[PDB]
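Chemist: This is the structure alone, sequence omitted:
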């Protein structure tokens, strides 16, 4: 799982920081990315890893600003005093008690064969 | 005359004591073969060892058709003797070998005895000081 | 240089002969013989460098330079025989029971080598195996 | 545990001869089953071990046999003087090796981990590789299978969360 | 032969001679017995016992 | 305090306590050599 995470998260720039535009602006996909970065920093998430899969697959338009309306994926790394290095963030990811379990779920949700509603 | 039979015929001539016989039997095969096999010029030590051992084990397989030899012990001795041979060709040659092969009369024991009595450096420590005290010269020149 | 040379005890008239041996080893340790070549080009280079090194014996105390070359040339030829392989019991004994061999062998291993090498019939048996191998070592795939 | 780095040549001797690996930290056993050159090479291989072990997890690098011999030569007992003679032989043989392999200079080794109990981590020093430009990064990439072997073993006793914070865990991630 | 001593009370007056392989190896069946060991589990839980 | 004979500040010496950790004692290890599962 660790070798997989690095292969997928290893680019010229921090992968999460690159995800600060695209189509994900106020989506649950964006709130997920912000929630994942907070986990790496603190170890605590607003929505359980076992609840994100159904929320992301449906991607409701109801309300995503209720999770984190203020922060942006780029700003969490400076506010939370994280290291943008790919290796540093993976180590800070897995060192948490539920690290490898959260990582396996995240890899599935971002890179796996998720059934997404059209 | 298969090599396995000829080596076995010769080994039968060693004096017997008891179970110690397998230690001295294995040692002699290791000594003869480790020193007899020629080295190939294109190989480094790592490869020369793998090749020399492969042949040594095959020799034991043939010998063990005639006379019992402990395979693991004989290989242990073989590798030790082979490393000594490799060290001599790349490393320091003992003065007993220059003496044995070549007016040479006063031997190393003769100076190591005096050093031991006075509790000073022996021949080997002086030899180490020589090279060390010479390291700078040889490295500087070519 | 002279500090360590003065560590060698004086022994009769051999003071100029033992240091010649020590110097020949000191150089031969750090000039290797490249297995790639035969005993002419690499040999001449090693000897030429040794003779050039002898140009600084004025810094030393008691070096017989003519004998030091003799010892150096003997080292190279001995190494040639070891590369090609040796069987002569007179040289095999010298290798097996030596200051180098006592550093690669354990105490128990030496005790065994000393039991075979010093046997009353070692020289005959070792010579016979030398011929048994020299004639047939190539038969082993 | 305690990591004991030894060349492949020494490791294969131990395995072929059948030397108890458990008692290689006991000076009195290793000197009986180990040649003077092997003991010197173990010292040299320890001094060429580039990696910093997780001291925070009580994983230490073994003290070389030469130091242990030197210490016993200064301690009263029935074998003190035999141990002093061994020390002198080790120093002369070590200096002889250092004068011969000084040319090695710019290279890094592959290491193989052979766990022996929980108090000894045999680290076999295998084939050398040439590395002059950033040999630290080259050493890390080469020893991928050494880093994950160490991680697998310490996760048997140490907590996963603690191992994740070590430099050994980091080196694995940097390699892959 | 080799000598191994214990201080266990169950050997109050016993000497038992058993064969083993002269050279030890890993998972060697020729040892008189074997100790099949799995890393002792150390489990740290804030149990609310009682 | 005519006499000040020391009563409180004594020389304190700590007795060592150093246990040896292993999978087996030498006796058991020699009879039942360890195999890792």
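Modeler: Noted; the coordinates are in hand. Numbers count the residues shown, from 1 in each chain, chains lettered A, B, ... in the order given.
Chemist: contacts, neighbours, all on C-alpha from now
Modeler: Noted.
Chemist: quick one: whichever residue of chain F sits closest to chain A from residue D:156, how far?
Modeler: Relative to chain A, the nearest point of chain F is residue F:37 (23.9 Å; C-alpha to the nearest C-alpha). According to C-alpha to C-alpha, to the nearest Å, residue F:37 and residue D:156 sit 11 Å apart.
Chemist: more neighbours, these two?
Modeler: The neighbour count for residue F:37 versus residue D:156, taken as other C-alpha atoms under 10 Å in any protein chain shown, is higher for residue D:156 (15 against 9).
Chemist: does the more buried one really touch residue E:39, like I thought?
Modeler: Yes. With contacts counted by C-alpha atoms under 8 Å, residue D:156 reaches residue E:39, the gap being 6.0 Å.
Chemist: List phi and psi for the spatially closest residue to the residue of chain F closest to chain A that is not a sequence neighbour.
Modeler: The shortest distance from residue F:37 to any non-neighbouring residue, by C-alpha to C-alpha, 6 or more residues apart in numbering or on different chains, is to residue E:38 (5.4 Å). The phi/psi pair for residue E:38 (degrees, to the nearest 10) reads phi -120, psi 130.
Chemist: now do residue E:36
Modeler: phi -90, psi 110.
Chemist: Tell me how many other residues surround it.
Modeler: 12.
Chemist: And residue A:36, how far from chain B?
Modeler: Computed as C-alpha to the nearest C-alpha, to the nearest Å, the residue A:36 to chain B distance reads 51 Å.
Chemist: Please apply the same query to residue A:55.
Modeler: In terms of C-alpha to the nearest C-alpha, residue A:55 sits 60 Å off from chain B.
Chemist: Do a quick rundown of the helices in chain B.
Modeler: Using DSSP state H, the helices assigned to chain B run over residues B:3-11, B:21-36, B:45-63, B:71-89, B:95-101, B:108-118, B:123-140.
Chemist: and the ones you listed, which is most packed in?
Modeler: Between the helices of chain B, helix B:21-36 has the highest mean count of neighbours, a mean of 23, where neighbours are mean count of other C-alpha atoms under 10 Å in any protein chain shown.
Chemist: That one near chain C at all?
Modeler: Yes. Helix B:21-36 is in contact with chain C by C-alpha under 8 Å from any C-alpha of the partner chain, via B:23, B:24, B:27, B:28, B:31, B:32, B:33, B:35, B:36.
Chemist: export those to CSV and tack on distance to residue D:151?
Modeler: Formatted as CSV, the residues of helix B:21-36 next to chain C follow (distance: C-alpha to C-alpha, whole Å):
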residue, distance to residue D:151
B:23, 41
B:24, 44
B:27, 41
B:28, 45
B:31, 43
B:32, 45
B:33, 43
B:35, 43
B:36, 45
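Chemist: Tell me the one among those residues nearest to chain D.
Modeler: Using C-alpha to the nearest C-alpha, those come closest to chain D at residue B:23, 12.0 Å.
Chemist: How about that closest one: what's its closest non-neighbour residue?
Modeler: residue C:112 (6.9 Å).
Chemist: if we can go back for a sec, of the helices of chain B, give the one that comes closest to residue D:62.
Modeler: Across the helices of chain B, residue D:62 has its closest neighbour in helix B:71-89 (24.8 Å, C-alpha to C-alpha).
Chemist: got the angle for the closest one vs helix B:45-63?
Modeler: Orientation check (axes from the mean of the first three to the mean of the last three C-alpha atoms, to 10 degrees): helix B:71-89 against helix B:45-63 gives 140 degrees.
Chemist: Helix B:71-89 vs helix B:21-36, what angle?
Modeler: 40 degrees.
Chemist: What helices and strands are in contact with helix B:71-89?
Modeler: helix B:21-36, helix B:45-63, helix C:65-84, helix C:101-104, helix D:8-17 (3 or more C-alpha pairs under 8 Å, 6 or more residues apart in numbering or on different chains; DSSP states H and E).
Chemist: Next, work out how far apart the most centrally placed residue in chain B and chain F are.
Modeler: Nearest to the centroid of the C-alpha atoms of chain B, with distances taken as C-alpha atoms, centre = their mean, sits residue B:81, at 3.7 Å. Separation of residue B:81 from chain F (C-alpha to the nearest C-alpha) stands at 31 Å.
Chemist: That residue reaches residue B:31, doesn't it?
Modeler: Yes. Between residue B:81 and residue B:31 there is a contact under C-alpha under 8 Å: 6.4 Å.
Chemist: Residues that sit against both of those two, list them.
Modeler: Here residue B:81 and residue B:31 have residue C:96 as joint contacts, going by C-alpha atoms under 8 Å, 6 or more residues apart in numbering or on different chains.
Chemist: how about the residues of chain D near chain E?
Modeler: Counting by C-alpha under 8 Å from any C-alpha, chain D sits next to chain E at D:15, D:17, D:18, D:19, D:20, D:156, D:157.
Chemist: So how do I select the buried members of those residues in PyMOL?
Modeler: Entered in PyMOL, the line below selects the buried ones among the residues of chain D next to chain E, by 16 or more other C-alpha atoms under 10 Å in any protein chain shown:
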select buried, chain D and resi 15+17+18+19+20
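Chemist: quick one: residue F:16 is in a helix?
Modeler: No. With DSSP: H, G, I helix; E, B strand; the rest coil as the criterion, residue F:16 is assigned coil and is not in a helix.
Chemist: That one: how many residues sit nearby?
Modeler: 6.
Chemist: Surely residue D:7 touches residue D:42?
Modeler: Yes. Using C-alpha under 8 Å, residue D:7 makes contact with residue D:42 at a distance of 6.8 Å.
Chemist: Using the three-state scheme, assign the residue of chain A at minimum distance from chain B.
Modeler: Of all residues in chain A, residue A:3 sits closest to chain B, at 32.9 Å by C-alpha to the nearest C-alpha. Classification of residue A:3 using three-state DSSP returns helix.
Chemist: Ok, residue D:49 next?
Modeler: The three-state label given to residue D:49 by three-state DSSP is coil.
Chemist: ok, it - contacts?
Modeler: Contacts of residue D:49 by C-alpha under 8 Å, 6+ apart are residue D:5.
Chemist: I'd like to know how far it sits from chain A.
Modeler: On the measure of C-alpha to the nearest C-alpha, residue D:49 and chain A end up 24 Å apart.
Chemist: Can you show me the strands along chain E?
Modeler: E:35-37 (DSSP state E).
Chemist: for chain F, what are the nearby residues on it?
Modeler: Within chain E, the residues that sit near chain F (C-alpha under 8 Å from any C-alpha) are E:4-6, E:20, E:26-27, E:31-38.
Chemist: neighbour-wise, which of those leads?
Modeler: Neighbour tally across the residues of chain E next to chain F (other C-alpha under 10 Å): the maximum, 20 neighbours, falls on residue E:31.
Chemist: excluding its backbone neighbours, what's nearest that residue?
Modeler: residue E:20 (4.8 Å).
Chemist: residue contacts, residue A:30?
Modeler: Contact analysis of residue A:30 by C-alpha under 8 Å, 6+ apart lists A:24, A:73.
Chemist: Just read off the phi/psi values of the closest residue to chain D within chain E.
Modeler: For chain E and chain D, the shortest gap (C-alpha to the nearest C-alpha) falls at residue E:23, measuring 4.8 Å. With angles defined as degrees, to the nearest 10, residue E:23 sits at phi -110, psi 130.
Chemist: and the gap between the residue nearest to it when sequence neighbours are not counted and residue B:71?
Modeler: Closest residue to residue E:23 apart from its sequence neighbours, by C-alpha to C-alpha, 6+ apart: residue D:18 at 4.8 Å. Counting by C-alpha to C-alpha, the gap from residue D:18 to residue B:71 is 12 Å.
Chemist: Residues of chain F that sit close to chain E?
Modeler: Counting by C-alpha under 8 Å from any C-alpha, chain F sits next to chain E at F:26, F:27, F:29, F:30, F:31, F:32, F:33, F:34, F:35, F:36, F:37.
Chemist: Quick check: the fifth one touching residue E:33?
Modeler: So that's residue F:31. Yes. Between residue F:31 and residue E:33 there is a contact under C-alpha under 8 Å: 6.2 Å.
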